[PDB]
Amino acid sequence: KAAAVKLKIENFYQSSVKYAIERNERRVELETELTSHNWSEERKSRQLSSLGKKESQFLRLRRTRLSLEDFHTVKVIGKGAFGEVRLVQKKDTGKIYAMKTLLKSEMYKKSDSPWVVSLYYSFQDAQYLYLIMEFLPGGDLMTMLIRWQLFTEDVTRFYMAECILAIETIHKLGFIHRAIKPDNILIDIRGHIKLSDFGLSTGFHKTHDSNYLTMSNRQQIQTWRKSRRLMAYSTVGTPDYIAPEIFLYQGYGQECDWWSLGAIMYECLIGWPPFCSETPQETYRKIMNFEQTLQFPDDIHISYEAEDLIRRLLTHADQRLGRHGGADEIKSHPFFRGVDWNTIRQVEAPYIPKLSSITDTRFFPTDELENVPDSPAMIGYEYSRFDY
Amino acid sequence: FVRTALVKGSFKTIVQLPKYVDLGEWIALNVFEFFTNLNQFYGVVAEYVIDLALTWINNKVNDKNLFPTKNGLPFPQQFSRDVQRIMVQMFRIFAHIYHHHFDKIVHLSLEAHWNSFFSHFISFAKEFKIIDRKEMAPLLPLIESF
Ligand SMILES: Nc1ncnc2c1ncn2[C@@H]1O[C@H](COP(=O)(O)OP(=O)(O)NP(=O)(O)O)[C@@H](O)[C@H]1O
């Protein structure tokens with residue numbers, strides 16, 4: 001509250017010193033690139049052979065230019081509120097592709113391995129992010145679980161397992177998914193398992209939903225339990241698995257994913273997740289309990305060992321006394337006669353998908369939904385090495 | 001007027017066309033950068049007081065025929081001609097900016113950044129000889145420091 005004299009200058013467009021400090025990188029970067037052009041002289045000198053004109057030639061490469069509409073859309077595949085995934089063809093080349101149209105704002109939270117869905121690149125318009133993925137043809141698992149509610153035995157064993165090994169490898173690669181949910185597990189050509197990823201698709205469940213003569217007419221537990229598959233989703237995301245380490249405070253870790261697994265196993269045998277609520281918030285509820293509220297029906301058929309899994313799978317995420325300690329011991333459960341833990345990847349699959357042609361969407365609720373409370377309504381190559 | 005010489009880097013290497021590449025693809029790359037480069041440069045200077053040619057530059061580079069965006073498609077070698085012209089689209093901007101509008105720029109004291117950038121554009125030109133030493137009349141003396 002005294003007085004001051006800077007003085008001369010102001011700052012007007014003074015924010016474009018970015019244009020100064022930034023093109024630093026442009027040079028810093030420009031430096032290290034053509035030093036990567038020194039990748040030449042690979043020269044395996046075990047070779048006394050030709051000669052014979054040139055050992056090589058190149059285009060070499062190019063960043064060219066890019067955008068959407070080099071893409072021809074096939075079918076709406078599936079959805080999230082972040083957006084629709086989709087099947088698409090490249091116009092420019094053309095081939096089979098998973099397009100997940102995802103959302104840029106408004107959105108929060110601001111390889112060498114067979115086991116998951118393989119993405120390639122990302123491209124976007126103003127509005128949406130476009131995720132261009134290997135398109136996994138067998139459907140999600142959920143769409144399988146729907147067509148038939150698996151009678152399993154060796155099948156849920158099979159559909160599981162490779163779960164673990166993948167998830168193992170993931171975990172082993174130092175990642176927890178915290179989404180293990182059927183629409184998000186993926187069946188391939190072989191009917192085998194790659195599980196994809198969140199993208200990252202975020203938003204999450206808290207804090208507590210508290211509302212506060214008769215009749216009847218439910219007439220069966222399972223009947224009652226048919227109330228699922230309710231408007232596809234079209235709000236979501238439900239807590240199928242949702243190991244109970246997430247809420248309230250910080251937590252989780254691999255145990256959540258195995259929980260999520262065991263929970264998943266529970267359904268795929270039972271044709272419904274352990275905690276199925278009839279309302280979004282009737283989980284947490286029983287999920288905050290299990291114990292007494294982890295509940296198997298009196299439809300009798302189960303293994304002693306298989307039952308043992310899910311329970312110790314759905315037992316606490318508890319550390320301290322215990323190991324868990326999983327992904328093996330999870331290999332070491334009595335529920336497993338085999339397998340090799342190896343041959344698994346090529347083993348006659350419980351369903352080898354049978355298709356007419358390459359585009360067949362017969363494995364999906366192609367359907368139509370089209371609700372995206374966003375749209376008014378109304379690219380680049382910076383990558384490095386080559387493919388492939 | 002004007003002014004010069006603070007610094008970034010050394011020395012001059014990068015501009016030469018690397019081996020076994022369609023020079024055209026190679027040409028086509030680099031030419032496009034410099035475009036966007038000045039764009040971002042003028043944008044501090046912007047207002048406070050080419051669209052065609054930059055777009056004629058744009059439209060040149062966004063001509064598929066002259067511009068083998070796609071693959072290892074070679075360039076027409078009139079693409080090698082399309083570019084010799086397309087380049088010269090560029091020097092117009094530098095000079096005047098430097099001639100007249102540098103004034104502002106130096107106030108920014110971001111000068112060591114525009115210096116290397118302007119110096120840059122040169123090195124490619126004369127190593128690849130994309131221009132004549134006669135049309136150099138307006139920019140002649142400054143270059144002479146080296
Ligand atoms: N890489 C993929 N390949 C094939 N199908 C996929 C792929 N990713 C997701 N899907 C399927 O398309 C639907 C939606 O994409 P998805 O990633 O699952 O949605 P989202 O916006 O991530 N969140 P959510 O839809 O609830 O899982 C899924 O239910 C699956 O059927």
# chains A, B, ... in the order shown; residues from 1 in each chain; ligands from 1
>>> interface_residues(of="chain B", to="chain A", cutoff="8 Å", atoms="only C-alpha atoms", output="list in words")
residues 14, 18, 20, 21, 22, 25, 26, 29, 40, 41, 43, 44, 45, 68, 69, 70, 71, 72, 73, 74, 108, 110, 113 and 114 of chain B
>>> write_last_selection(atoms="C-alpha atoms", output="mmCIF file, in the first residue's frame")
data_model
loop_
_atom_site.group_PDB
_atom_site.id
_atom_site.type_symbol
_atom_site.label_atom_id
_atom_site.label_comp_id
_atom_site.auth_asym_id
_atom_site.auth_seq_id
_atom_site.Cartn_x
_atom_site.Cartn_y
_atom_site.Cartn_z
ATOM 1 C CA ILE B 14 21.632 -31.325 -38.577
ATOM 2 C CA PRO B 18 20.265 -38.207 -44.155
ATOM 3 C CA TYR B 20 18.759 -43.547 -48.357
ATOM 4 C CA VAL B 21 15.721 -41.346 -47.955
ATOM 5 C CA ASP B 22 13.503 -39.848 -50.570
ATOM 6 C CA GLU B 25 9.823 -36.875 -48.124
ATOM 7 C CA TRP B 26 12.769 -35.463 -46.214
ATOM 8 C CA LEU B 29 9.121 -32.764 -43.488
ATOM 9 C CA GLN B 40 4.273 -19.576 -32.835
ATOM 10 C CA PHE B 41 6.857 -16.838 -33.050
ATOM 11 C CA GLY B 43 1.937 -15.147 -31.980
ATOM 12 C CA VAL B 44 3.658 -13.145 -29.233
ATOM 13 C CA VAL B 45 4.017 -10.306 -31.697
ATOM 14 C CA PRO B 68 3.957 -38.035 -50.473
ATOM 15 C CA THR B 69 2.438 -37.912 -46.969
ATOM 16 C CA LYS B 70 1.602 -41.513 -47.706
ATOM 17 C CA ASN B 71 4.217 -44.188 -47.150
ATOM 18 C CA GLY B 72 7.380 -44.587 -49.171
ATOM 19 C CA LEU B 73 5.583 -43.055 -52.109
ATOM 20 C CA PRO B 74 8.292 -41.044 -53.756
ATOM 21 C CA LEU B 108 10.751 -9.545 -25.201
ATOM 22 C CA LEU B 110 13.528 -13.816 -26.108
ATOM 23 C CA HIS B 113 15.535 -17.916 -29.359
ATOM 24 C CA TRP B 114 14.539 -16.193 -32.626
#
>>> residues_near_ligand(ligand="ligand 1", cutoff="7 Å", atoms="only C-alpha atoms and all ligand atoms", output="PyMOL selection string")
chain A and resi 77-85+98+100+102+117+133-137+139-140+183-184+186+196-199+201+236-237
>>> residues_around(residues="residue 151 in chain A", least_positions_apart="6", cutoff="10 Å", atoms="only C-alpha atoms", output="PyMOL selection string")
chain A and resi 268-271
>>> write_last_selection(atoms="N, CA, C and O atoms", output="tab-separated table (two decimals), in the first residue's frame")
chain	number	residue	atom	x	y	z
A	268	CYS	N	-19.61	-66.37	-12.47
A	268	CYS	CA	-19.62	-67.15	-13.70
A	268	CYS	C	-20.03	-68.58	-13.44
A	268	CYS	O	-20.48	-69.28	-14.34
A	269	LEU	N	-19.86	-69.01	-12.20
A	269	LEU	CA	-20.48	-70.24	-11.73
A	269	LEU	C	-21.94	-70.03	-11.37
A	269	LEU	O	-22.81	-70.79	-11.78
A	270	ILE	N	-22.19	-68.98	-10.60
A	270	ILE	CA	-23.52	-68.72	-10.06
A	270	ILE	C	-24.42	-67.97	-11.06
A	270	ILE	O	-25.65	-67.96	-10.94
A	271	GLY	N	-23.80	-67.39	-12.09
A	271	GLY	CA	-24.54	-66.60	-13.05
A	271	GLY	C	-24.89	-65.29	-12.40
A	271	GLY	O	-25.81	-64.60	-12.86
>>> residues_around(residues="residue 95 in chain A", least_positions_apart="3", cutoff="12 Å", atoms="only C-alpha atoms", output="list in words")
residues 70, 71, 72, 73, 74, 87, 88, 89, 90, 91, 92, 98, 132, 133, 134, 135, 358 and 359 of chain A
>>> residues_around(residues="residue 143 in chain A", least_positions_apart="5", cutoff="10 Å", atoms="only C-alpha atoms", output="PyMOL selection string")
chain A and resi 138+148+182-183+185-187+363-365
>>> write_last_selection(atoms="N, CA, C and O atoms", output="tab-separated table (two decimals), in the first residue's frame")
chain	number	residue	atom	x	y	z
A	138	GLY	N	-14.16	-61.93	-29.85
A	138	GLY	CA	-15.03	-62.87	-29.16
A	138	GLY	C	-16.09	-62.20	-28.32
A	138	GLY	O	-16.96	-62.85	-27.73
A	148	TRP	N	-24.93	-67.46	-22.53
A	148	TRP	CA	-25.16	-68.57	-21.62
A	148	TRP	C	-24.54	-68.20	-20.29
A	148	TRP	O	-23.48	-67.56	-20.25
A	182	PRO	N	-16.70	-57.75	-16.31
A	182	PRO	CA	-16.83	-58.67	-17.44
A	182	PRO	C	-16.78	-58.02	-18.82
A	182	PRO	O	-16.08	-58.56	-19.70
A	183	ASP	N	-17.48	-56.89	-19.00
A	183	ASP	CA	-17.46	-56.13	-20.26
A	183	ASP	C	-16.05	-55.65	-20.60
A	183	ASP	O	-15.69	-55.39	-21.76
A	185	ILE	N	-13.33	-57.59	-19.86
A	185	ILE	CA	-12.45	-58.72	-20.22
A	185	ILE	C	-12.73	-59.26	-21.62
A	185	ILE	O	-13.89	-59.44	-22.00
A	186	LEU	N	-11.68	-59.54	-22.38
A	186	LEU	CA	-11.91	-59.75	-23.79
A	186	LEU	C	-11.44	-61.08	-24.42
A	186	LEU	O	-10.29	-61.53	-24.25
A	187	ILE	N	-12.38	-61.66	-25.16
A	187	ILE	CA	-12.24	-62.95	-25.84
A	187	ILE	C	-11.72	-62.77	-27.28
A	187	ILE	O	-12.29	-61.99	-28.05
A	363	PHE	N	-21.35	-61.08	-32.41
A	363	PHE	CA	-20.92	-61.32	-31.03
A	363	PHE	C	-21.15	-60.15	-30.05
A	363	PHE	O	-20.69	-60.21	-28.90
A	364	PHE	N	-21.82	-59.10	-30.52
A	364	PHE	CA	-22.07	-57.91	-29.70
A	364	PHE	C	-23.50	-57.37	-29.77
A	364	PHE	O	-24.15	-57.42	-30.82
A	365	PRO	N	-23.96	-56.79	-28.66
A	365	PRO	CA	-25.16	-55.96	-28.74
A	365	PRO	C	-24.67	-54.76	-29.46
A	365	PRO	O	-24.21	-53.79	-28.87
>>> residues_around(residues="residue 255 in chain A", least_positions_apart="3", cutoff="8 Å", atoms="only C-alpha atoms", output="VMD selection string")
chain A and resid 243 252 258 to 259 317 324
>>> residues_around(residues="residue 82 in chain B", least_positions_apart="4", cutoff="9 Å", atoms="only C-alpha atoms", output="PyMOL selection string")
chain B and resi 60+66-67+76-78+86-87
>>> select_by_dssp(residues="range 1-130 of chain B", states="helix (DSSP H, G or I)", output="ChimeraX atom specification")
/B:13-15,23-45,51-61,79-88,91-107,111-127
>>> write_last_selection(atoms="C-alpha atoms", output="mmCIF file, in the first residue's frame")
data_model
loop_
_atom_site.group_PDB
_atom_site.id
_atom_site.type_symbol
_atom_site.label_atom_id
_atom_site.label_comp_id
_atom_site.auth_asym_id
_atom_site.auth_seq_id
_atom_site.Cartn_x
_atom_site.Cartn_y
_atom_site.Cartn_z
ATOM 1 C CA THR B 13 25.237 -30.107 -38.493
ATOM 2 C CA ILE B 14 21.632 -31.325 -38.577
ATOM 3 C CA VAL B 15 20.321 -29.831 -41.826
ATOM 4 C CA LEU B 23 14.892 -36.392 -50.325
ATOM 5 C CA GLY B 24 11.376 -35.251 -51.165
ATOM 6 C CA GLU B 25 9.823 -36.875 -48.124
ATOM 7 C CA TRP B 26 12.769 -35.463 -46.214
ATOM 8 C CA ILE B 27 12.415 -32.061 -47.775
ATOM 9 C CA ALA B 28 8.681 -32.119 -47.177
ATOM 10 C CA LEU B 29 9.121 -32.764 -43.488
ATOM 11 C CA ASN B 30 11.471 -29.949 -42.654
ATOM 12 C CA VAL B 31 9.706 -27.376 -44.787
ATOM 13 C CA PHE B 32 6.533 -27.893 -42.749
ATOM 14 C CA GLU B 33 8.168 -27.254 -39.418
ATOM 15 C CA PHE B 34 9.495 -23.826 -40.165
ATOM 16 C CA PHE B 35 6.000 -22.852 -41.048
ATOM 17 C CA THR B 36 4.581 -23.623 -37.630
ATOM 18 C CA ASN B 37 7.728 -22.285 -36.110
ATOM 19 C CA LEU B 38 7.226 -18.705 -37.128
ATOM 20 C CA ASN B 39 3.509 -19.065 -36.499
ATOM 21 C CA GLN B 40 4.273 -19.576 -32.835
ATOM 22 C CA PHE B 41 6.857 -16.838 -33.050
ATOM 23 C CA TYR B 42 4.591 -14.200 -34.541
ATOM 24 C CA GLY B 43 1.937 -15.147 -31.980
ATOM 25 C CA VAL B 44 3.658 -13.145 -29.233
ATOM 26 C CA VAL B 45 4.017 -10.306 -31.697
ATOM 27 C CA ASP B 51 -1.870 -16.195 -44.362
ATOM 28 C CA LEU B 52 -2.229 -17.192 -47.991
ATOM 29 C CA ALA B 53 1.317 -18.358 -48.632
ATOM 30 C CA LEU B 54 1.499 -20.143 -45.313
ATOM 31 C CA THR B 55 -1.697 -21.704 -46.438
ATOM 32 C CA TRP B 56 -0.228 -21.842 -49.956
ATOM 33 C CA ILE B 57 2.555 -23.464 -47.987
ATOM 34 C CA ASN B 58 -0.134 -25.398 -46.135
ATOM 35 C CA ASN B 59 -1.919 -26.220 -49.378
ATOM 36 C CA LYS B 60 1.360 -27.219 -51.026
ATOM 37 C CA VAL B 61 2.258 -29.665 -48.230
ATOM 38 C CA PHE B 79 7.744 -32.114 -55.851
ATOM 39 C CA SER B 80 11.424 -31.355 -55.774
ATOM 40 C CA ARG B 81 10.191 -28.358 -57.844
ATOM 41 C CA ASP B 82 6.958 -27.760 -55.859
ATOM 42 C CA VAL B 83 9.176 -27.339 -52.797
ATOM 43 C CA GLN B 84 11.954 -25.134 -54.259
ATOM 44 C CA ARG B 85 9.133 -22.686 -54.738
ATOM 45 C CA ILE B 86 7.356 -23.724 -51.539
ATOM 46 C CA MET B 87 10.433 -22.906 -49.484
ATOM 47 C CA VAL B 88 10.772 -19.382 -50.742
ATOM 48 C CA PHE B 91 11.862 -15.967 -46.300
ATOM 49 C CA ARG B 92 9.309 -13.241 -46.850
ATOM 50 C CA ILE B 93 8.191 -13.573 -43.293
ATOM 51 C CA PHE B 94 11.564 -13.712 -41.546
ATOM 52 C CA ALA B 95 13.054 -10.616 -43.135
ATOM 53 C CA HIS B 96 10.206 -8.123 -42.635
ATOM 54 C CA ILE B 97 9.660 -9.501 -39.193
ATOM 55 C CA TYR B 98 13.333 -9.190 -38.598
ATOM 56 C CA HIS B 99 13.556 -5.962 -40.627
ATOM 57 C CA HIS B 100 10.641 -4.138 -39.083
ATOM 58 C CA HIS B 101 8.998 -6.316 -36.351
ATOM 59 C CA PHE B 102 12.093 -7.570 -34.621
ATOM 60 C CA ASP B 103 11.840 -4.285 -32.755
ATOM 61 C CA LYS B 104 9.080 -5.601 -30.603
ATOM 62 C CA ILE B 105 10.719 -9.068 -30.441
ATOM 63 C CA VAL B 106 13.856 -7.852 -28.802
ATOM 64 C CA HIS B 107 11.906 -6.063 -26.088
ATOM 65 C CA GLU B 111 15.933 -12.802 -28.894
ATOM 66 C CA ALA B 112 18.481 -15.667 -28.419
ATOM 67 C CA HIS B 113 15.535 -17.916 -29.359
ATOM 68 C CA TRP B 114 14.539 -16.193 -32.626
ATOM 69 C CA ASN B 115 18.234 -15.789 -33.469
ATOM 70 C CA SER B 116 18.974 -19.525 -33.467
ATOM 71 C CA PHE B 117 15.658 -20.075 -35.266
ATOM 72 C CA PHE B 118 16.378 -17.580 -37.997
ATOM 73 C CA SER B 119 19.987 -18.736 -38.195
ATOM 74 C CA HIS B 120 18.547 -22.241 -38.512
ATOM 75 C CA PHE B 121 16.451 -21.712 -41.656
ATOM 76 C CA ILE B 122 19.562 -20.445 -43.406
ATOM 77 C CA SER B 123 21.809 -23.430 -42.841
ATOM 78 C CA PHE B 124 19.384 -25.795 -44.591
ATOM 79 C CA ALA B 125 18.948 -23.405 -47.482
ATOM 80 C CA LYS B 126 22.595 -22.989 -48.537
ATOM 81 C CA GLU B 127 23.734 -26.503 -47.819
#
>>> atom_distance(atom1="CA of residue 142 in chain B", atom2="CA of residue 11 in chain B")
17.7 Å
